[PDB]
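A.B. asks: To be precise about what I am sending: the file is called target_18.pdb and holds PDB, C-alpha atoms and all ligand atoms.
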```pdb
ATOM      1  CA  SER P  96       9.498  -7.676  -2.658
ATOM      2  CA  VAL P  97       7.956  -4.997  -0.474
ATOM      3  CA  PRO P  98       9.587  -1.742   0.647
ATOM      4  CA  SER P  99       9.962  -1.383   4.405
ATOM      5  CA  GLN P 100       7.668   1.166   6.055
ATOM      6  CA  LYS P 101       9.457   1.221   9.407
ATOM      7  CA  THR P 102       9.884   4.718  10.833
ATOM      8  CA  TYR P 103      13.597   5.415  11.288
ATOM      9  CA  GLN P 104      14.915   8.850  12.231
ATOM     10  CA  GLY P 105      18.535   7.802  11.740
ATOM     11  CA  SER P 106      21.662   9.776  12.631
ATOM     12  CA  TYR P 107      20.254  13.059  11.329
ATOM     13  CA  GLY P 108      16.934  12.925  13.213
ATOM     14  CA  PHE P 109      14.851  12.806  10.043
ATOM     15  CA  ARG P 110      11.037  13.107  10.270
ATOM     16  CA  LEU P 111       8.171  14.652   8.314
ATOM     17  CA  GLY P 112       5.956  17.597   9.181
ATOM     18  CA  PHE P 113       2.528  18.670   7.899
ATOM     19  CA  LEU P 114       0.703  22.021   7.863
ATOM     20  CA  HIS P 115      -2.521  22.542   9.827
ATOM     21  CA  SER P 116      -4.994  23.215   7.037
ATOM     22  CA  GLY P 117      -8.283  22.406   8.756
ATOM     23  CA  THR P 118     -11.284  20.444   7.502
ATOM     24  CA  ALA P 119     -13.442  23.047   5.743
ATOM     25  CA  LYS P 120     -15.305  21.519   2.782
ATOM     26  CA  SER P 121     -13.182  23.614   0.421
ATOM     27  CA  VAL P 122      -9.784  22.451   1.697
ATOM     28  CA  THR P 123      -7.548  20.891  -0.992
ATOM     29  CA  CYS P 124      -5.038  19.102   1.237
ATOM     30  CA  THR P 125      -5.321  18.247   4.917
ATOM     31  CA  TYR P 126      -3.396  16.018   7.302
ATOM     32  CA  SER P 127      -4.806  13.960  10.159
ATOM     33  CA  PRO P 128      -2.270  13.293  12.923
ATOM     34  CA  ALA P 129      -4.745  10.922  14.621
ATOM     35  CA  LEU P 130      -4.926   8.731  11.513
ATOM     36  CA  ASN P 131      -1.381   9.569  10.209
ATOM     37  CA  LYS P 132      -3.228  10.190   6.954
ATOM     38  CA  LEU P 133      -3.090  12.891   4.294
ATOM     39  CA  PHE P 134      -6.319  13.653   2.373
ATOM     40  CA  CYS P 135      -5.959  15.597  -0.852
ATOM     41  CA  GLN P 136      -7.659  16.462  -4.115
ATOM     42  CA  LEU P 137      -6.408  15.207  -7.474
ATOM     43  CA  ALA P 138      -3.216  16.911  -8.631
ATOM     44  CA  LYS P 139      -3.268  19.585  -5.931
ATOM     45  CA  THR P 140      -0.274  20.737  -3.937
ATOM     46  CA  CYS P 141       0.639  18.617  -0.910
ATOM     47  CA  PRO P 142       3.222  20.436   1.215
ATOM     48  CA  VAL P 143       5.362  17.988   3.159
ATOM     49  CA  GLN P 144       7.963  19.387   5.546
ATOM     50  CA  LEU P 145      11.317  17.685   6.056
ATOM     51  CA  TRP P 146      12.837  18.108   9.526
ATOM     52  CA  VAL P 147      16.341  17.143  10.616
ATOM     53  CA  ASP P 148      18.324  17.696  13.822
ATOM     54  CA  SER P 149      21.536  18.053  11.859
ATOM     55  CA  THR P 150      22.452  18.755   8.255
ATOM     56  CA  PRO P 151      23.037  15.601   6.222
ATOM     57  CA  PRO P 152      26.028  15.356   3.836
ATOM     58  CA  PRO P 153      26.137  16.987   0.383
ATOM     59  CA  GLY P 154      24.541  14.536  -2.041
ATOM     60  CA  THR P 155      21.824  13.350   0.350
ATOM     61  CA  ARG P 156      18.467  12.902  -1.388
ATOM     62  CA  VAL P 157      14.794  12.457  -0.459
ATOM     63  CA  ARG P 158      12.705   9.807  -2.228
ATOM     64  CA  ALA P 159       8.919   9.293  -2.245
ATOM     65  CA  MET P 160       7.273   5.984  -3.224
ATOM     66  CA  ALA P 161       3.727   4.674  -2.854
ATOM     67  CA  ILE P 162       2.764   1.165  -1.796
ATOM     68  CA  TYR P 163      -0.613  -0.394  -1.069
ATOM     69  CA  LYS P 164      -1.409  -0.346   2.663
ATOM     70  CA  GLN P 165      -3.218  -3.719   2.738
ATOM     71  CA  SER P 166      -0.767  -6.621   2.968
ATOM     72  CA  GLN P 167      -2.672  -8.657   0.383
ATOM     73  CA  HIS P 168      -1.933  -5.912  -2.170
ATOM     74  CA  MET P 169       1.556  -4.860  -1.094
ATOM     75  CA  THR P 170       3.434  -6.606  -3.886
ATOM     76  CA  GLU P 171       1.409  -4.829  -6.591
ATOM     77  CA  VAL P 172       3.074  -1.739  -8.023
ATOM     78  CA  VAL P 173       1.063   1.426  -7.313
ATOM     79  CA  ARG P 174       0.596   3.231 -10.645
ATOM     80  CA  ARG P 175      -1.822   5.572 -12.368
ATOM     81  CA  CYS P 176      -4.999   4.026 -13.807
ATOM     82  CA  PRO P 177      -5.628   3.141 -17.467
ATOM     83  CA  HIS P 178      -7.301   6.484 -17.988
ATOM     84  CA  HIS P 179      -4.922   8.855 -16.251
ATOM     85  CA  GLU P 180      -1.730   7.293 -17.616
ATOM     86  CA  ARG P 181      -3.047   8.308 -21.072
ATOM     87  CA  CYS P 182      -4.417  11.785 -20.439
ATOM     88  CA  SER P 183      -1.283  13.623 -21.661
ATOM     89  CA  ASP P 184      -0.940  15.755 -18.530
ATOM     90  CA  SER P 185       2.798  15.298 -18.012
ATOM     91  CA  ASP P 186       4.856  18.305 -16.947
ATOM     92  CA  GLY P 187       7.626  17.162 -19.273
ATOM     93  CA  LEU P 188       9.599  15.370 -16.555
ATOM     94  CA  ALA P 189       7.289  12.930 -14.792
ATOM     95  CA  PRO P 190       6.505   9.735 -16.739
ATOM     96  CA  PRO P 191       2.714   9.606 -17.282
ATOM     97  CA  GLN P 192       2.450   6.334 -15.325
ATOM     98  CA  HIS P 193       3.748   7.809 -12.058
ATOM     99  CA  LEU P 194       1.285   8.544  -9.300
ATOM    100  CA  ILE P 195       3.532  10.859  -7.307
ATOM    101  CA  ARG P 196       5.084  13.985  -8.778
ATOM    102  CA  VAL P 197       7.195  16.746  -7.275
ATOM    103  CA  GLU P 198       6.194  20.332  -8.152
ATOM    104  CA  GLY P 199       8.523  23.190  -8.998
ATOM    105  CA  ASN P 200      11.849  21.386  -8.832
ATOM    106  CA  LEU P 201      13.810  20.932 -12.046
ATOM    107  CA  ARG P 202      16.197  18.578 -10.228
ATOM    108  CA  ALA P 203      13.517  15.994  -9.510
ATOM    109  CA  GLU P 204      14.338  12.561 -10.901
ATOM    110  CA  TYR P 205      11.809   9.841 -11.680
ATOM    111  CA  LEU P 206      12.824   6.238 -11.313
ATOM    112  CA  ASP P 207      11.303   3.047 -12.668
ATOM    113  CA  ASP P 208      13.119   0.336 -10.739
ATOM    114  CA  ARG P 209      14.593  -2.174 -13.184
ATOM    115  CA  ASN P 210      14.190  -4.951 -10.616
ATOM    116  CA  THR P 211      11.003  -4.226  -8.648
ATOM    117  CA  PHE P 212       9.294  -2.143 -11.343
ATOM    118  CA  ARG P 213       8.224   0.296  -8.648
ATOM    119  CA  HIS P 214       8.018   4.037  -9.311
ATOM    120  CA  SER P 215       9.542   6.801  -7.212
ATOM    121  CA  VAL P 216      10.549  10.447  -7.388
ATOM    122  CA  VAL P 217      13.688  11.718  -5.719
ATOM    123  CA  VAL P 218      15.140  15.184  -5.133
ATOM    124  CA  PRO P 219      18.287  16.588  -3.536
ATOM    125  CA  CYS P 220      17.891  17.279   0.195
ATOM    126  CA  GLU P 221      17.779  21.079   0.433
ATOM    127  CA  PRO P 222      18.778  23.015   3.557
ATOM    128  CA  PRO P 223      16.237  25.492   4.966
ATOM    129  CA  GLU P 224      16.379  29.047   3.618
ATOM    130  CA  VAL P 225      17.732  31.679   5.994
ATOM    131  CA  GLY P 226      15.032  32.266   8.590
ATOM    132  CA  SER P 227      13.432  28.866   8.040
ATOM    133  CA  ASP P 228      13.725  25.844  10.324
ATOM    134  CA  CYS P 229      12.782  23.205   7.768
ATOM    135  CA  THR P 230      12.460  22.634   4.056
ATOM    136  CA  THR P 231       9.325  21.628   2.165
ATOM    137  CA  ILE P 232       8.718  19.385  -0.840
ATOM    138  CA  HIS P 233       5.493  19.928  -2.776
ATOM    139  CA  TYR P 234       3.979  16.665  -3.992
ATOM    140  CA  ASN P 235       1.071  15.995  -6.347
ATOM    141  CA  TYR P 236      -0.940  12.744  -6.463
ATOM    142  CA  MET P 237      -2.161  12.086  -9.995
ATOM    143  CA  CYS P 238      -5.009   9.608  -9.556
ATOM    144  CA  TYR P 239      -7.969   9.369  -7.202
ATOM    145  CA  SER P 240      -7.923   6.524  -4.647
ATOM    146  CA  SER P 241     -11.135   5.381  -6.375
ATOM    147  CA  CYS P 242      -9.754   5.215  -9.925
ATOM    148  CA  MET P 243     -10.913   2.015 -11.585
ATOM    149  CA  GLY P 244      -8.135  -0.221 -12.890
ATOM    150  CA  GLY P 245      -5.696   1.726 -10.731
ATOM    151  CA  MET P 246      -5.797   2.104  -6.955
ATOM    152  CA  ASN P 247      -9.459   1.028  -7.194
ATOM    153  CA  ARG P 248     -10.478   2.196  -3.693
ATOM    154  CA  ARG P 249      -7.455   0.549  -2.030
ATOM    155  CA  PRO P 250      -5.622   2.743   0.488
ATOM    156  CA  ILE P 251      -1.974   3.525  -0.124
ATOM    157  CA  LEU P 252       0.968   4.639   1.973
ATOM    158  CA  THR P 253       3.589   7.099   0.835
ATOM    159  CA  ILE P 254       7.054   6.181   2.117
ATOM    160  CA  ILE P 255       9.587   9.025   2.281
ATOM    161  CA  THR P 256      13.200   7.968   2.597
ATOM    162  CA  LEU P 257      16.293  10.062   3.293
ATOM    163  CA  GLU P 258      19.131   8.398   1.379
ATOM    164  CA  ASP P 259      22.811   8.879   0.733
ATOM    165  CA  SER P 260      24.311   9.469  -2.712
ATOM    166  CA  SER P 261      24.374   5.688  -3.385
ATOM    167  CA  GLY P 262      20.752   5.243  -2.350
ATOM    168  CA  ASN P 263      21.527   3.704   1.048
ATOM    169  CA  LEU P 264      18.989   4.344   3.829
ATOM    170  CA  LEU P 265      19.598   7.257   6.235
ATOM    171  CA  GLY P 266      16.063   7.810   7.482
ATOM    172  CA  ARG P 267      12.448   6.865   6.808
ATOM    173  CA  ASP P 268       8.927   8.110   7.537
ATOM    174  CA  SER P 269       5.505   7.380   6.040
ATOM    175  CA  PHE P 270       1.834   8.306   5.977
ATOM    176  CA  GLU P 271      -1.399   7.005   4.506
ATOM    177  CA  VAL P 272      -2.926   8.959   1.598
ATOM    178  CA  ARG P 273      -6.483   9.235   0.322
ATOM    179  CA  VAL P 274      -6.887  11.205  -2.931
ATOM    180  CA  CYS P 275     -10.517  12.281  -3.058
ATOM    181  CA  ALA P 276     -12.992  14.932  -4.098
ATOM    182  CA  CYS P 277     -13.636  16.386  -0.622
ATOM    183  CA  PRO P 278     -10.623  15.931   1.711
ATOM    184  CA  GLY P 279     -12.167  18.055   4.447
ATOM    185  CA  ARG P 280     -15.331  15.996   4.760
ATOM    186  CA  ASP P 281     -13.544  12.685   4.403
ATOM    187  CA  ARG P 282     -11.011  13.572   7.111
ATOM    188  CA  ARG P 283     -13.849  14.638   9.444
ATOM    189  CA  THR P 284     -15.743  11.416   8.695
ATOM    190  CA  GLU P 285     -12.762   9.143   9.268
ATOM    191  CA  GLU P 286     -11.728  10.886  12.481
ATOM    192  CA  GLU P 287     -15.306  10.575  13.759
ATOM    193  CA  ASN P 288     -15.386   6.881  12.896
ATOM    194  CA  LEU P 289     -12.127   6.493  14.842
ATOM    195  CA  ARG P 290     -13.640   8.369  17.792
TER     196      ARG P 290
HETATM  197 ZN    ZN R   1      -6.766   7.661 -12.303
END
```
Taking this structure as input, can you express it in the form of structure tokens?
C.D. replies:
Amino acid sequence: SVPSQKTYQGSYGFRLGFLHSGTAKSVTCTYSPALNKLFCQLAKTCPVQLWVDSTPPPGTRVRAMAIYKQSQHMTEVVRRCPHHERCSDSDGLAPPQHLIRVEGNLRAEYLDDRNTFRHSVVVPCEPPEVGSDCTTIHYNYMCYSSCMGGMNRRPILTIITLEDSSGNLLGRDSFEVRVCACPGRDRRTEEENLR
């Protein structure tokens, strides 16, 4: 099967938000609204904001999963390459095969779907701190888009779903991701090509 990538705000008005980091050659993570694409360096912090119009019920969670963007590759599970899955860089919670990790959250849970074999990481949906209008999840991508035997230059999408305590869908959003050495230059190049 293939996970749906249809944007759905749902009853709580769920949608993502991204910081405005710019395209300087030294930037480590940058988002392109024009391409709906996040460019980031290997294993660097990717701040993703979660916005809602109303507070979802206690027990609501937020899950992240990667899928290949090209339809001809969509049924293939996105996973770390033969090299990175063996580099012993786990934080003690994320399985070494998982591409997407959540930083600084001891309540993060990593799932290997018994049926689809797909990987995902899910955390409780946190309300904004006093003074804040949204909450942020910090993700890390653990392989380069170019990793041989892994993504192998194929673009991926990250699908973020807001789900209830049973895992039922409450909201969905998504964005393309390119993990590369110079996110700033690549974003500038791709936006120019689009222009
Ligand atoms: Zn890799």
A.B. asks: Report the closest atom pair, with its distance in Å rounded to one decimal, for each residue of chain P that has an atom no farther than 10 Å from ligand ZN 1 (chain R); count only C-alpha atoms and all ligand atoms, sort by chain and then rising residue number, and write it as CSV.
C.D. replies:
```
residue,atom,partner,partner_atom,distance
P:137,CA,R:ZN1,ZN,9.0
P:174,CA,R:ZN1,ZN,8.8
P:175,CA,R:ZN1,ZN,5.4
P:176,CA,R:ZN1,ZN,4.3
P:177,CA,R:ZN1,ZN,7.0
P:178,CA,R:ZN1,ZN,5.8
P:179,CA,R:ZN1,ZN,4.5
P:180,CA,R:ZN1,ZN,7.3
P:181,CA,R:ZN1,ZN,9.5
P:182,CA,R:ZN1,ZN,9.4
P:192,CA,R:ZN1,ZN,9.8
P:194,CA,R:ZN1,ZN,8.6
P:236,CA,R:ZN1,ZN,9.7
P:237,CA,R:ZN1,ZN,6.8
P:238,CA,R:ZN1,ZN,3.8
P:239,CA,R:ZN1,ZN,5.5
P:240,CA,R:ZN1,ZN,7.8
P:241,CA,R:ZN1,ZN,7.7
P:242,CA,R:ZN1,ZN,4.5
P:243,CA,R:ZN1,ZN,7.0
P:244,CA,R:ZN1,ZN,8.0
P:245,CA,R:ZN1,ZN,6.2
P:246,CA,R:ZN1,ZN,7.8
P:247,CA,R:ZN1,ZN,8.8
```
A.B. asks: Create the file for the chosen residues now, containing C-alpha atoms and written as a compact mmCIF listing (two decimals), keeping the file's coordinate frame.
C.D. replies:
```
# COMPACT_ATOMS: atom_id res chain seq x y z
CA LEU P 137 -6.41 15.21 -7.47
CA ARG P 174 0.60 3.23 -10.64
CA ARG P 175 -1.82 5.57 -12.37
CA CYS P 176 -5.00 4.03 -13.81
CA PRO P 177 -5.63 3.14 -17.47
CA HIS P 178 -7.30 6.48 -17.99
CA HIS P 179 -4.92 8.86 -16.25
CA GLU P 180 -1.73 7.29 -17.62
CA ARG P 181 -3.05 8.31 -21.07
CA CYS P 182 -4.42 11.78 -20.44
CA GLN P 192 2.45 6.33 -15.32
CA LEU P 194 1.28 8.54 -9.30
CA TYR P 236 -0.94 12.74 -6.46
CA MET P 237 -2.16 12.09 -9.99
CA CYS P 238 -5.01 9.61 -9.56
CA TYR P 239 -7.97 9.37 -7.20
CA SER P 240 -7.92 6.52 -4.65
CA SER P 241 -11.14 5.38 -6.38
CA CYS P 242 -9.75 5.22 -9.93
CA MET P 243 -10.91 2.02 -11.58
CA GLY P 244 -8.14 -0.22 -12.89
CA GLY P 245 -5.70 1.73 -10.73
CA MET P 246 -5.80 2.10 -6.96
CA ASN P 247 -9.46 1.03 -7.19
```
A.B. asks: What is the distance between CA of residue 129 in chain P and CA of residue 252 in chain P, in Å to one decimal?
C.D. replies: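 CA of residue 252 in chain P lies 15.2 Å from CA of residue 129 in chain P.
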A.B. asks: Identify, on the basis of all atoms listed in the file, every residue whose closest approach to range 207-222 of chain P does not exceed 7 Å; exclude the query and any residue fewer than 2 positions from it along the same chain; express the result as a list in words.
C.D. replies: residues 154, 155, 156, 157, 158, 159, 160, 172, 193, 196, 202, 203, 204, 205, 224 and 230 of chain P
A.B. asks: Pull out every residue that the PyMOL selection byres (((chain P and resi 151) around 10) and not hetatm) matches in the shown coordinates and put them as a PyMOL selection string.
C.D. replies: chain P and resi 106-109+147-150+152-156+220-222+257-259+265
A.B. asks: Report as a VMD selection string the residues that result from applying the PyMOL selection byres (((chain P and resi 250) around 9) and not hetatm) to the structure here.
C.D. replies: chain P and resid 162 to 165 240 246 to 249 251 to 252 271 to 273
A.B. asks: With 12 Å as the cut-off and only C-alpha atoms counted, what is the closest atom pair between each nearby residue of range 185-251 of chain P and range 110-127 of chain P? Distances in Å to one decimal, ordered by chain and number, as a Markdown table.
C.D. replies:
```
| residue | atom | partner | partner_atom | distance |
| --- | --- | --- | --- | --- |
| P:228 | CA | P:112 | CA | 11.4 |
| P:229 | CA | P:112 | CA | 8.9 |
| P:230 | CA | P:112 | CA | 9.7 |
| P:231 | CA | P:112 | CA | 8.8 |
| P:232 | CA | P:111 | CA | 10.3 |
| P:233 | CA | P:113 | CA | 11.2 |
| P:234 | CA | P:124 | CA | 10.7 |
| P:235 | CA | P:124 | CA | 10.2 |
| P:236 | CA | P:124 | CA | 10.8 |
```
A.B. asks: Provide the CA of residue 104 in chain P to CA of residue 290 in chain P distance in Å, to one decimal place.
C.D. replies: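 Separation of CA of residue 104 in chain P and CA of residue 290 in chain P: 29.1 Å.
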A.B. asks: Evaluate the PyMOL selection byres (((chain P and resi 97) around 7) and not hetatm) on the structure here and hand back the selected residues as a list in words.
C.D. replies: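 Output from the PyMOL selection byres (((chain P and resi 97) around 7) and not hetatm), applied to this file: residues 96, 98, 99, 169 and 170 of chain P.
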A.B. asks: Quick check, in Å to one decimal: how far apart do CA of residue 166 in chain P and CA of residue 100 in chain P lie?
C.D. replies: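 So the two atoms, CA of residue 166 in chain P and CA of residue 100 in chain P, lie 11.9 Å apart.
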